[PDB]
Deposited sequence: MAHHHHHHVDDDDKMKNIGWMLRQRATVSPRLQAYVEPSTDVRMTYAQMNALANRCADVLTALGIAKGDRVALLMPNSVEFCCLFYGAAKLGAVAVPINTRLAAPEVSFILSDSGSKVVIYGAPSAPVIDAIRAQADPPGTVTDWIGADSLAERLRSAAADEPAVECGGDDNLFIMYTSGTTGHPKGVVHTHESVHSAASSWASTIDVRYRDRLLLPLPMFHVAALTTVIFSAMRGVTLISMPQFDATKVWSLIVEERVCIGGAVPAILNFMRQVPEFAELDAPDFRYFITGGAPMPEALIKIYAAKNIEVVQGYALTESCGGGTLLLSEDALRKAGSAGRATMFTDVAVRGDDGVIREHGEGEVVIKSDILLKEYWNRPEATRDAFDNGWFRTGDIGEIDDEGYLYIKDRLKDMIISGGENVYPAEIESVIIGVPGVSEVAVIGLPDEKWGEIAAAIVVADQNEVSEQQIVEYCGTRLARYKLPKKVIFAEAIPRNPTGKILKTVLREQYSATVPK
């Protein structure tokens, strides 16, 4: 009986071990709920979904702000064997319409901030045809008020589908199961220093895979979620103090802003131990200033396809291994697949993952699914290097890969050669559109133009790189666009140089 492997039943079990432990605290909306209350609201959510015709395998799209309803809808769907489709509320109406059609969502639950997108979608001549119900905030709240908190007969779990999350032309839907979600939650919970009764600040959207995994591992470990649905750097330290927060989810921008507000210098947070951050590596200067406040930083690497698991750079290693994405986590194997097709745990190549945290499939894309795997190893499309001690360094992401005359070219391959040229101080490589090649690799170079010439860089590149990998344009710039935490902004580069191509 797969109920024992059901994420919604897991919540019920946390509500049995620790019924009176705080589960969800959102001071902005005055929500302070125990695990027993959260389980009861999940049951009410399940009752509401049942009432709407949702059965095992049916998709319920979620387009709403962070809230305990978001969590309990997810849990409620889990108990029913339904499949949640959490949608990014920043997407425009055509992208949301695609997702609804592709997922074949039956019910759409939307927040008030998303009413304009839903309105635009429902106004189409032929809206997504599978949607039988569009349920906004007021309707959901009224339904919840009259629902019974009966525990559903839960008879699904394990490898049963649980959610579809879209990742990007058109996105693909990444299908996760009760098993993958549980594995990812276990992976985090067994790898990071998380403790029974820890209080964890979530100030990132719940439609991001890592935030979803955070919600689930919180129930798994008995952690209280402290919710900040709209991040405000001028309000976050107060919240961290008032709610005795132990761990916080963040990204480097957030931690940078949090360092600049008056509260950083002024409030003391003795219970706060570390942030878990996603995104580019944290700058050393930021790691150090947080370390002076006795706060550590955990970093890592994950994808939608890995349910937010993958590698973690533990606190002890943040400075030691600046720029690393860390080591493989519990329940995850991570390696690199060479140009030769050999998978190795040490060296350079395409990052590959083998783990129960992996997606079951891309939704209604069986060939894409097969092509993404090599003997159980998921091919990320990202390139990196694993050092002799097992630390992963990401070199380039799939999103920045260039297809030039049908050949794949990653920018880091070129950047790491050109940065070597004497007189070059910085280099970033992007693809620019091209009638002939589709995209060409353009090197944007900051250099002493008295010492360095375009011809010299290209003829120098011709020394280390196959001919098809040579930059087809070299562009000298006085500056490359970077964010305050020092990440090269390739999206800005592409915008800047759109004026140079037809």
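Residues 1-11, 180-182, 517 of the deposited sequence have no C-alpha coordinates in the structure.
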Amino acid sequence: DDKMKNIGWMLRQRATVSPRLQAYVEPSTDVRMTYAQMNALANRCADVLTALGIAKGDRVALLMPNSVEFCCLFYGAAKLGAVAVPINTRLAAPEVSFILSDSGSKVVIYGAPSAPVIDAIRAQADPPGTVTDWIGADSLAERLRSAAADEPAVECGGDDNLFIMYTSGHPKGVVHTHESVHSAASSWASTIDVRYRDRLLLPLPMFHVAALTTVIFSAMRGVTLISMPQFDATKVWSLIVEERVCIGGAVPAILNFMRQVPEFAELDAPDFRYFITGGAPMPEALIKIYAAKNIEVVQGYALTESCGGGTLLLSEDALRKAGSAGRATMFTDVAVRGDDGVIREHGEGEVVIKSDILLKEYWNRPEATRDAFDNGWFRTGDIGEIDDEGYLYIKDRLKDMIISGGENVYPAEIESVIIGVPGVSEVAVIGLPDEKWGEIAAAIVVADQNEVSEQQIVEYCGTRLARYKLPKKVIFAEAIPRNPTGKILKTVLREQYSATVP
From here on, numbers count along this sequence of modelled residues.
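For the segment pair 452-460 and 51-59, the entry gives 452-460 the higher mean B-factor, averaged over Cα atoms. Per-stretch averaging of Cα B factors for 24-32 and 431-439 places 431-439 on top. For the set 127, 158, 104, 249, the maximum C-alpha B-factor listed in the entry falls on 127. Between the residues 141, 181, 96, 402, it is 141 that shows the highest Cα B-factor in the PDB record. Ranked by C-alpha B-factor against the other modelled residues of its chain, residue 243 falls in the middle third. In the PDB entry, residue 474 places in the middle third of its chain by CA B-factor. Ranked by Cα temperature factor within the chain, residue 278 sits in the highest third according to the deposited record. Annotation for residue 151: C-alpha temperature factor in the highest third relative to the rest of the modelled chain, per the entry. When all modelled residues of the chain are sorted by CA temperature factor, residue 306 is found within the lowest third.
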